[PDB]
**Q** 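Dropping the structure in here first, questions after.
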Amino acid sequence: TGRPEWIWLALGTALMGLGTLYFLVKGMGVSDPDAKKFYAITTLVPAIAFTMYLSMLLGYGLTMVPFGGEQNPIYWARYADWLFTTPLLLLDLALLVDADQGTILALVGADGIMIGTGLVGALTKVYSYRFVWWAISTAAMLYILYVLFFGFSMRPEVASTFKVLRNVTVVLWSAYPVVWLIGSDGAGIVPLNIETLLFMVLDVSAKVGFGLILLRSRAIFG
Amino acid sequence: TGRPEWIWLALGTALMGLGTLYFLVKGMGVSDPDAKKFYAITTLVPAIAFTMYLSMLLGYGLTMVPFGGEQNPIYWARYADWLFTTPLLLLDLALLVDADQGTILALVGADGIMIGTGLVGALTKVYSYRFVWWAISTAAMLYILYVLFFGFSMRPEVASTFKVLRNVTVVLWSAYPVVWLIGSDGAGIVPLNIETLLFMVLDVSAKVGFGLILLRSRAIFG
Amino acid sequence: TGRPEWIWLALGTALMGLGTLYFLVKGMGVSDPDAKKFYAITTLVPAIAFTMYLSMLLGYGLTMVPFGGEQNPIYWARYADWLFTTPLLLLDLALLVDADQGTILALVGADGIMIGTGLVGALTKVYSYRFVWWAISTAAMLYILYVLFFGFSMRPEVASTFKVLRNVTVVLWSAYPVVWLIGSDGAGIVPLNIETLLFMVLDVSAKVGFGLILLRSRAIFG
Ligand SMILES: *C/C=C(C)/C=C/C=C(C)/C=C/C1=C(C)CCCC1(C)C
Ligand SMILES: *C/C=C(C)/C=C/C=C(C)/C=C/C1=C(C)CCCC1(C)C
Ligand SMILES: *C/C=C(C)/C=C/C=C(C)/C=C/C1=C(C)CCCC1(C)C
């Protein structure tokens with residue numbers, strides 16, 4: 001396309017679409033209920049991502065936001081995706097450790113705040129206000145990572161898998177507020193082409209990457 | 001109104017509104033918890049449909065989408081409805097057969113993809129791209145119907161009711177991708193007047209029709 | 001700001017932000033699972049409200065709706081908030097009395113209808129149609145309050161707390177359809193400045209006020 005970032009949105013689409021097929025196919029073979037749960041969640045995540053990367057690729061989820069001087073291109077389909085897939089990932093972590101209903105509530109709620117404010121700054125028109133919405137969104141991410149460390153004696157083919165996935169999450173999720181800040185969505189110090197490349201490498205890793213590690217573990221069984 | 005399809009949107013509103021009253025009234029008389037569940041779900045479905053048919057009737061959920069040459073009228077309130085009521089129907093089927101949490105997750109997730117992509121093609125501006133979003137949406141419908149047949153020894157006043165409702169669903173739900181394709185939302189081979197007539201006959205049948213069959217069955221009790 | 005209602009949206013933001021901090025901090029100290037549940041829900045409610053009051057304050061959730069003659073200012077961020085926080089409050093009441101899944105479904109569903117139609121009239125362009133959407137929205141509020149009285153033998157440090165919270169709810173929630181009618185969103189008999197003052201006093205009371213009463217009760221424990 002006439003857009004420099006098409007290549008990464010094209011590669012994003014393929015990879016997400018590839019992970020869903022692999023996981024669905026892999027998904028075929030399960031009988032253990034609990035294990036079913038982890039396939040249902042893990043497969044839907046890139047399934048959703050698949051639909052939003054295509055929408056950006058065909059250009060449906062792209063808008064112009066006016067701010068800091070001129071008109072700015074902003075992929076909003078990114079947040080609609082994150083809106084559903086991140087709560088879906090925390091749910092994988094949550095049911096892995098037999099979380100409490102109460103803690104599952106807080107995580108999900110804080111998550112919706114995270115993305116929700118992230119979307120608000122993405123579409124905000126006053127340049128300065130954006131980073132205030134960024135701060136709050138970041139403040140919720142700190143809560144979530146906090147909770148999965150200090151508020152989150154279980155069987156060991158579980159614990160060890162959880163510590164692994166959680167390390168992945170914390171490192172990946174932490175990159176997103178950094179990319180957004182340096183990117184076109186935030187400081188504008190990095191062009192849209194690179195900002196799109198960064199998110200795609202995170203998304204595939206945090207989704208397909210995360211799912212592969214997960215759906216192989218014996219942790220997901222009885 | 002100045003719109004040819006008012007009559008069907010007017011009849012849609014009455015019928016949906018009539019089913020909700022009947023089901024709520026009928027709903028009054030229940031004590032068995034589990035049965036309560038099926039009244040809660042079954043009544044809310046046309047309740048929601050009721051609100052969206054009126055919005056189309058008063059014209060709040062109507063927009064113009066430019067594509068394939070000219071400006072196209074598109075009722076988007078239809079998808080906001082389907083967004084909530086179809087997961088509500090699968091939930092009726094799901095709890096009827098004591099589905100697994102895992103399978104309830106997949107159905108609902110695939111459903112949101114179905115409608116979600118359906119909405120995206122409805123609002124897409126490049127004529128050709130629409131049917132690509134149609135294909136994917138259809139691909140999710142095939143998953144759902146699949147699952148309720150091959151991934152979905154239970155008491156017989158249940159099994160027989162389930163096979164019935166499920167037959168209804170498969171036949172009705174299959175009509176929707178056909179109507180959308182021939183209709184104004186898709187191929188434009190059928191005018192908006194007829195496309196509105198078709199969806200109304202499906203909606204009332206899949207909702208009120210489906211609910212009547214359901215809320216009479218002894219299957220919904222202990 | 002250049003807006004007369006800034007002061008109340010500024011005071012709304014502070015107070016909601018203050019309640020969340022207090023509840024989170026207070027939240028630190030819990031071990032009993034069930035009690036955790038009530039902190040998770042109760043704290044997220046003003047957390048969300050916090051984000052939407054700021055959005056109105058910075059002016060992100062403000063739009064112009066044309067009707068009854070001229071252009072009308074309409075804070076839509078108010079409904080996105082109510083969209084999530086009112087179901088969150090009913091859930092506090094619901095789990096307080098060990099509600100049935102079925103009844104929890106009806107309450108939440110009716111609630112989404114309430115706000116959902118409320119939003120539709122807020123954005124409707126034909127003056128008269130607004131109050132029709134107001135009527136239906138009100139009709140759902142009557143269902144909810146009904147249900148929490150006649151469809152909602154439990155331990156007494158519970159029952160007495162429930163009767164209390166419920167009295168709060170009914171009196172507060174009943175004020176909202178009145179404010180909306182006399183306000184700029186409805187009849188226009190009260191200016192936006194006063195209508196914004198009224199909602200802020202209700203919101204803080206129904207949220208922070210409601211939460212304080214709740215998170216002190218021994219009802220929330222085992
Ligand atoms: C499947 C995609 C994933 C796991 C995405 C994670 C995204 C985030 C952790 C988002 C973080 C953001 C902030 C905390 C600040 C505002 C900007 C965001 C939304 C990128
Ligand atoms: C209460 C209304 C019901 C049960 C509606 C069902 C609608 C569908 C099965 C929708 C199907 C569609 C596709 C599979 C392709 C894209 C167009 C849609 C959304 C009409
Ligand atoms: C946290 C905020 C609360 C508890 C708000 C409650 C709001 C309502 C009970 C809303 C009621 C309305 C109607 C019943 C008629 C239409 C206008 C509304 C949305 C204000």
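When a ligand or atom number is given, it counts from 1 through the structure's own listing order. Lettering of chains follows the sequences in order, A, B, ..., and the numbering in each one begins at 1. Only heavy atoms go into these numbers, but all of them, side chains included; no hydrogens, no water, no symmetry mates.
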**Q** Out of all atoms in ligand 1, which are within 4.0 Å of some heavy atom of A:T85? Include the element for each.
**A** 1 (C)
**Q** Would you mind running through ligand 1 and noting each atom that sits below 4.0 Å from a heavy atom of A:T86?
**A** 3 (C), 4 (C), 5 (C), 6 (C)
**Q** Any idea which atoms of ligand 3 are less than 4.0 Å away from a heavy-atom of C:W82?
**A** 2 (C), 5 (C), 19 (C), 20 (C)
**Q** Verify, without hydrogens or angle tests, whether C:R78 (side chain) and C:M56 (backbone) share a donor-acceptor contact under 3.5 angstrom.
**A** no
**Q** Any donor-acceptor pair under 3.5 Å linking the side chain of B:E195 with the backbone of B:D185?
**A** yes
**Q** Just by distance, with hydrogens left out, do A:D203 and A:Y53 show a side-chain donor and acceptor under 3.5 Å apart?
**A** yes
**Q** Return the option from A:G183, A:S137, A:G118 holding the heavy atom at the smallest distance from atom 12 (C) of ligand 1.
**A** A:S137
**Q** Please could you name the atoms of ligand 1 that A:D203 approaches to less than 4.0 Å, counting only its heavy atoms?
**A** 2 (C)
**Q** Is the distance between the ring centroids of B:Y60 and C:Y129 under 6.0 Å?
**A** no
**Q** Quick one: nearest non-hydrogen protein atom to atom 10 (C) of ligand 3, plus distance?
**A** C:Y176 CB, 3.7 Å
**Q** Below 6.0 angstrom between ring centroids: does that apply to A:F199 and A:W8?
**A** no
**Q** Tell me which protein heavy atom sits closest to atom 2 (C) of ligand 3, plus the residue, atom name and distance to 0.1 Å.
**A** C:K207 NZ, 2.4 Å
**Q** Looking only at heavy atoms, is any part of C:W173 under 4.0 Å from ligand 3, and if so is it the side chain, the backbone, or both, or is it neither?
**A** both
**Q** For the residue pair B:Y79 and B:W82, categorise the inter-ring angle as parallel (less than 30°), tilted (30 to 60°) or perpendicular (more than 60°).
**A** perpendicular
